[PDB]
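First residue of the sequence shown: 5, per the deposited numbering; consecutive thereafter.
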Amino acid sequence: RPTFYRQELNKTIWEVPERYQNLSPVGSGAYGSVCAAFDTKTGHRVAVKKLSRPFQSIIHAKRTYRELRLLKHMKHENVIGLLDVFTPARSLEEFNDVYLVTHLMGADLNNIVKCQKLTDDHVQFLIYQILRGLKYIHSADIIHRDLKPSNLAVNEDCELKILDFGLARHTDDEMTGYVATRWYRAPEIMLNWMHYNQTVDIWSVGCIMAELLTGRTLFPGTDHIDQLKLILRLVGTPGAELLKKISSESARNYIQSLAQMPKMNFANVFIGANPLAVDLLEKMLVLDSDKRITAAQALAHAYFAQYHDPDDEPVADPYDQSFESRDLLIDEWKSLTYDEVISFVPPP
Ligand SMILES: Cc1ccc(C(N)=O)cc1
Ligand SMILES: [Cl-]
Ligand SMILES: [Cl-]
Ligand SMILES: [Cl-]
Ligand SMILES: [Cl-]
Ligand SMILES: [Mg+2]
């Protein structure tokens, strides 16, 4: 057991191992209560997040366990991973606080997409790294569900990692109106048309790639219905085959009220873009999710010729999420969380 010391931070007393020095607040609270620190063991600048009294309800106790399982699983260059996890508690009986230690990624895609001139070669490398990460994530049967520029960390060398695992489900208020949180969502999840799957994440990659090429949001809707109209104007109204797959009868009736529209010509929308980037955008932004390109197929597309290495695009160990369908008491979720904390083995 390491030696711990105390100091006053973000309105509570933090108790952390001596290895973590020069703690000070960072971010706007998007990902929780977070300080930056210097890690004397690895030499990295790190983010330390404190979950205080997080076994306060069944929902919160299950969420805590979920975030710890997902972060412990993810071991990939283009994905956020767990450097360390700790509690100052000496036993289960006094266990109350969880601290997570992850790589400190200062800038996101939002802080360079607007304030910088991105060449075609920049767009190739950034989207390449998102798809390499996604291939890994999807091989574990994990769906991200929230890919957007603020969830992508980028350094001065244009190296990228994907964030946002096992946090609270976004609320109905968070998805209302003129908001970035909805602009990247696949239409089948934004309107609950059907049971969604990992294909929702490829729609999000399409919206991100378009924005890097044009400097503008692809579908900046003022509400769910305004956004749907922007989508259908680009990709066309649904045909008979997709309409059959929309389970909600009410959603199907609404769709059939709209005047039919053809798919637009993407070379006249993305004027001047690499024709290989136009072709890839057409394969991601397909309304029928069954027909979208997969992350694994997209990595082999000609647009990524100068980056693609099929011997360096790894897949994930299998990820058991049977806990997702399990009903437990607060103290049971808390005990499983304590076991995951004490069993943690750090990376090389
Ligand atoms: C600093 C930090 C950032 C992201 C996450 C996460 N659960 O995705 C955790 C911690
Ligand atoms: Cl220490
Ligand atoms: Cl504690
Ligand atoms: Cl964003
Ligand atoms: Cl597992
Ligand atoms: Mg999110």
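In this text, a Cβ means the ideal position worked out from N, Cα and C, and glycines have one as well.
Distance between beta carbons of residue j and residue i, contact taken as under 8 Å
i	j	result
residue 198	residue 251	5 Å
residue 21	residue 8	6 Å
residue 297	residue 206	6 Å
residue 149	residue 204	6 Å
residue 171	residue 71	7 Å
residue 259	residue 247	7 Å
residue 89	residue 348	5 Å
residue 337	residue 65	4 Å
Continuous beta strand (DSSP E) stretch holding residue i: start and end
i	result
residue 143	Careful: residue 143 lies outside any beta strand (DSSP E), inside the alpha helix (DSSP H) at 124-143.
residue 18	16-21
residue 88	88-90
residue 103	102-107
residue 43	38-43
residue 55	49-55
residue 166	164-166
residue 214	Here residue 214 belongs to no beta strand (DSSP E); instead the alpha helix (DSSP H) covers 204-218.
residue 10	8-13
residue 157	156-158
Where the alpha helix (DSSP H) through residue i begins and ends
i	result
residue 300	299-303
residue 337	334-346
residue 114	114-117
residue 270	270-273
residue 26	Element bounds for residue 26: not the alpha helix (DSSP H) but the beta strand (DSSP E), 24-29.
residue 249	244-249
residue 68	62-77
residue 121	Per DSSP, residue 121 belongs to no alpha helix (DSSP H) and is neither H nor E.
residue 233	228-239
residue 358	Since the first and last residues shown for the chain are 5 and 352, residue 358 lies out of range.
residue 284	279-288
residue 111	No alpha helix (DSSP H) holds residue 111; DSSP gives it neither H nor E.
residue 194	191-194
residue 187	184-187
Euclidean distance between Cα positions of residue i and residue j
i	j	result
residue 225	residue 235	9 Å
residue 302	residue 331	38 Å
residue 305	residue 108	32 Å
residue 39	residue 24	11 Å
residue 240	residue 280	21 Å
residue 261	residue 274	29 Å
residue 91	residue 346	9 Å
residue 75	residue 152	19 Å
residue 176	residue 191	16 Å
residue 121	residue 270	22 Å
residue 16	residue 33	15 Å
residue 323	residue 263	44 Å
residue 159	residue 254	46 Å
residue 227	residue 237	16 Å
residue 244	residue 136	34 Å
residue 133	residue 292	25 Å
residue 295	residue 285	13 Å
residue 48	residue 232	44 Å
residue 147	residue 300	15 Å
residue 97	residue 200	41 Å
residue 220	residue 208	15 Å
residue 46	residue 339	29 Å
residue 212	residue 188	7 Å
residue 194	residue 5	47 Å
residue 430	residue 68	In the structure displayed, the chain extends from 5 to 352; residue 430 sits before or after that span and is not available.
residue 154	residue 113	6 Å
residue 313	residue 99	46 Å
residue 41	residue 27	5 Å
residue 352	residue 218	40 Å
residue 174	residue 242	27 Å
residue 357	residue 319	Residue 357 lies beyond the range of the chain shown here (5 to 352); nothing can be said about it.
residue 18	residue 50	16 Å
residue 196	residue 249	12 Å
residue 214	residue 10	47 Å
residue 210	residue 31	27 Å
residue 59	residue 307	48 Å
Within 8 Å, strictly: CB atoms of residue i and residue j
i	j	result
residue 55	residue 36	yes
residue 130	residue 222	no
residue 61	residue 334	yes
residue 342	residue 128	no
residue 73	residue 344	yes
residue 350	residue 87	yes
residue 169	residue 265	no
residue 278	residue 124	yes
### Message
Whether or not the region 64-84 and the region 132-140 are in contact is what I'm after, with contact meaning three or more pairs of Cβ atoms, one per stretch, closer than 8 Å; do they touch?
### Response
yes
### Task
Would you be able to state if there are at least three C-beta pairs under 8 Å between the region 174-194 and the region 96-107?
No, because fewer than three Cβ pairs between the region 96-107 and the region 174-194 fall closer than 8 Å, the two stretches do not touch.
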